[PDB]
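Undergrad: File target12.txt below, compact mmCIF, C-alpha atoms:
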# COMPACT_ATOMS: atom_id res chain seq x y z
CA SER A 1856 128.65 177.66 274.69
CA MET A 1857 127.48 181.04 273.28
CA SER A 1858 125.50 180.40 270.03
CA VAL A 1859 126.55 176.70 270.12
CA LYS A 1860 123.71 174.40 271.32
CA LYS A 1861 123.40 170.62 271.72
CA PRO A 1862 120.30 169.27 269.84
CA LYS A 1863 116.87 169.98 271.58
CA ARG A 1864 115.60 166.92 273.66
CA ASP A 1865 111.75 166.98 273.69
CA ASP A 1866 110.84 167.72 277.33
CA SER A 1867 107.20 168.60 276.63
CA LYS A 1868 105.73 165.31 278.03
CA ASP A 1869 107.89 165.24 281.23
CA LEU A 1870 105.28 166.84 283.58
CA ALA A 1871 102.67 164.31 282.59
CA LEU A 1872 105.04 161.41 282.69
CA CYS A 1873 106.37 162.34 286.22
CA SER A 1874 102.68 162.69 287.37
CA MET A 1875 102.00 159.17 286.10
CA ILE A 1876 105.04 157.72 287.82
CA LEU A 1877 104.02 159.53 291.05
CA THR A 1878 100.49 158.02 290.76
CA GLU A 1879 101.93 154.56 290.45
CA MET A 1880 104.02 155.19 293.59
CA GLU A 1881 101.07 156.66 295.57
CA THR A 1882 99.02 153.50 294.79
CA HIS A 1883 101.72 150.86 295.59
CA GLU A 1884 100.83 148.85 298.71
CA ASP A 1885 104.11 149.68 300.43
CA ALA A 1886 103.66 153.49 299.91
CA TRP A 1887 101.98 153.92 303.38
CA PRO A 1888 105.03 155.16 305.29
CA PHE A 1889 105.54 157.86 302.59
CA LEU A 1890 102.10 159.19 301.73
CA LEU A 1891 102.07 162.10 304.25
CA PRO A 1892 104.71 164.18 306.08
CA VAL A 1893 106.11 162.55 309.23
CA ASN A 1894 104.40 164.18 312.24
CA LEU A 1895 107.32 166.05 313.77
CA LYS A 1896 105.48 166.53 317.10
CA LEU A 1897 104.89 162.79 317.56
CA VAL A 1898 108.08 161.14 316.25
CA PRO A 1899 111.04 161.70 318.55
CA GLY A 1900 114.31 162.51 316.84
CA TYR A 1901 112.77 163.14 313.39
CA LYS A 1902 112.94 166.90 313.35
CA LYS A 1903 116.58 167.08 314.55
CA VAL A 1904 118.00 164.19 312.59
CA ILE A 1905 116.22 164.62 309.16
CA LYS A 1906 117.30 167.96 307.75
CA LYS A 1907 115.04 167.79 304.71
CA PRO A 1908 111.83 165.92 305.24
CA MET A 1909 110.03 164.79 302.08
CA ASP A 1910 106.89 162.76 301.24
CA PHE A 1911 104.69 161.85 298.26
CA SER A 1912 101.93 164.41 299.04
CA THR A 1913 104.46 167.23 299.28
CA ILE A 1914 106.01 166.08 295.97
CA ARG A 1915 102.49 165.97 294.44
CA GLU A 1916 101.82 169.58 295.57
CA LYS A 1917 105.22 170.84 294.21
CA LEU A 1918 104.52 169.09 290.83
CA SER A 1919 100.99 170.45 290.52
CA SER A 1920 102.13 174.06 291.22
CA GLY A 1921 105.27 174.40 288.96
CA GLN A 1922 107.83 174.11 291.68
CA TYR A 1923 110.00 171.55 289.74
CA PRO A 1924 112.14 173.24 287.07
CA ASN A 1925 112.96 169.95 285.39
CA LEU A 1926 112.67 166.19 285.70
CA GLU A 1927 115.99 165.88 287.65
CA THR A 1928 114.78 168.07 290.49
CA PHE A 1929 111.69 165.83 290.64
CA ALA A 1930 113.82 162.63 290.89
CA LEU A 1931 115.95 164.31 293.62
CA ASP A 1932 112.86 164.75 295.88
CA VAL A 1933 111.64 161.20 295.28
CA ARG A 1934 115.17 159.81 296.14
CA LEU A 1935 115.18 162.07 299.23
CA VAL A 1936 112.07 160.25 300.54
CA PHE A 1937 114.06 156.92 300.38
CA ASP A 1938 117.33 158.29 301.64
CA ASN A 1939 115.51 159.76 304.69
CA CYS A 1940 113.87 156.37 305.27
CA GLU A 1941 117.30 154.67 305.26
CA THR A 1942 118.66 157.26 307.68
CA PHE A 1943 115.91 156.71 310.33
CA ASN A 1944 114.82 153.07 309.92
CA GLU A 1945 116.55 149.76 310.30
CA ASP A 1946 116.80 147.76 307.00
CA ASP A 1947 115.10 144.87 308.85
CA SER A 1948 111.86 146.76 309.81
CA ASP A 1949 108.65 146.93 307.89
CA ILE A 1950 109.31 150.63 307.09
CA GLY A 1951 112.91 149.96 306.13
CA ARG A 1952 111.84 147.21 303.68
CA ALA A 1953 109.07 149.41 302.31
CA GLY A 1954 111.65 152.02 301.39
CA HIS A 1955 114.00 149.61 299.64
CA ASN A 1956 111.05 148.16 297.69
CA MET A 1957 109.76 151.62 296.65
CA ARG A 1958 113.15 152.86 295.56
CA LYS A 1959 113.60 149.78 293.40
CA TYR A 1960 110.12 150.27 291.95
CA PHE A 1961 110.79 154.00 291.23
CA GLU A 1962 114.14 153.46 289.58
CA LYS A 1963 112.80 150.89 287.12
CA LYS A 1964 109.90 153.16 286.06
CA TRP A 1965 112.40 156.07 285.73
CA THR A 1966 114.80 154.11 283.48
CA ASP A 1967 112.01 152.68 281.39
CA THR A 1968 110.26 156.01 280.94
CA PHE A 1969 113.25 158.36 280.26
CA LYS A 1970 116.50 156.32 279.57
Let's see the structure in the file written out as structure tokens.
TA:
Amino acid sequence: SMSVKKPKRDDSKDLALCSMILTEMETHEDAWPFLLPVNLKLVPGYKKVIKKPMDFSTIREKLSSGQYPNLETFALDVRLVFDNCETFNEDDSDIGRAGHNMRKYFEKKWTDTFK
């Protein structure tokens, strides 16, 4: 509350660490569905069904240009990429499997880096 602060967690390496995690996701072999925005002219249903499209390149731009206020807002966008995938793709599809694999990969790196 006013003049009463919890001890200061060092957040000064978070930008760099999130960049590193993002790099590891960009270079995973199953990142291909997620590297670029879905082409909303060429994929029927995508625009209407997926209210908040997200992809790795868009996340990379936001990170590089100070559009994440903190590491939680970063993790929200990465989870959004995998939540969207689950919404639009059957679990038993190559894309659907890719998404489950990537989410598992992300969450481990996130826990190990910050928890």
Undergrad: Hey, what's within 12 Å of residue 1928 (chain A) if we count only C-alpha atoms and toss same-chain stuff fewer than 4 positions away? As a PyMOL selection string, please?
TA: chain A and resi 1869-1870+1873+1914+1917-1918+1921-1924+1932-1935
Undergrad: Between CA of residue 1961 (chain A) and CA of residue 1894 (chain A), what is the distance, to one decimal in Å?
TA: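 About the pair CA of residue 1961 (chain A) and CA of residue 1894 (chain A): they are 24.2 Å apart.
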Undergrad: Give the answer as one residue: which of A:1858, A:1912, A:1874, A:1939 has the shortest atom-to-atom distance to residue 1886 (chain A), using all atoms listed in the file?
TA: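 Result for the nearest residue to residue 1886 (chain A): A:1912.
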Undergrad: Looking at A:1877, A:1887, A:1865, A:1857, which one is nearest to residue 1919 (chain A), with distances taken over only C-alpha atoms?
TA: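 Distance minimum relative to residue 1919 (chain A) lands on A:1877.
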Undergrad: Compare A:1856, A:1906, A:1897, A:1872 by their minimum atom-to-atom distance to residue 1968 (chain A), counting only C-alpha atoms, and give me the closest one.
TA: A:1872
Undergrad: Record the distance separating CA of residue 1947 (chain A) and CA of residue 1896 (chain A), expressed in Å with one decimal.
TA: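 CA of residue 1947 (chain A) sits 25.1 Å away from CA of residue 1896 (chain A).
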Undergrad: What does the structure give for the distance between CA of residue 1861 (chain A) and CA of residue 1962 (chain A), in Å to one decimal?
TA: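 Distance reported for this atom pair: 26.4 Å.
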Undergrad: Go through A:1871, A:1926, A:1936, A:1876 and flag the residue nearest residue 1913 (chain A), using all atoms listed in the file for the distances.
TA: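 That would be A:1936, the residue with the smallest distance to residue 1913 (chain A).
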Undergrad: Between A:1899, A:1916, A:1888, A:1866, which one has atoms that come closest to residue 1949 (chain A), using all atoms listed in the file?
TA: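 Result for the nearest residue to residue 1949 (chain A): A:1888.
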Undergrad: Go through A:1969, A:1943, A:1929, A:1901 one by one, measure the shortest atom-to-atom distance of each to residue 1915 (chain A) using only C-alpha atoms, and give the residue with the smallest value.
TA: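 Looking at the shortest contact to residue 1915 (chain A), the residue is A:1929.
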Undergrad: Counting only C-alpha atoms, which residues come within 8 Å of (111.5, 156.9, 304.8), with the point read in the file's coordinates, and could you list them as JSON, numbers by chain?
TA: {"A": [1888, 1889, 1936, 1937, 1938, 1939, 1940, 1941, 1942, 1943, 1944, 1950, 1951, 1954]}
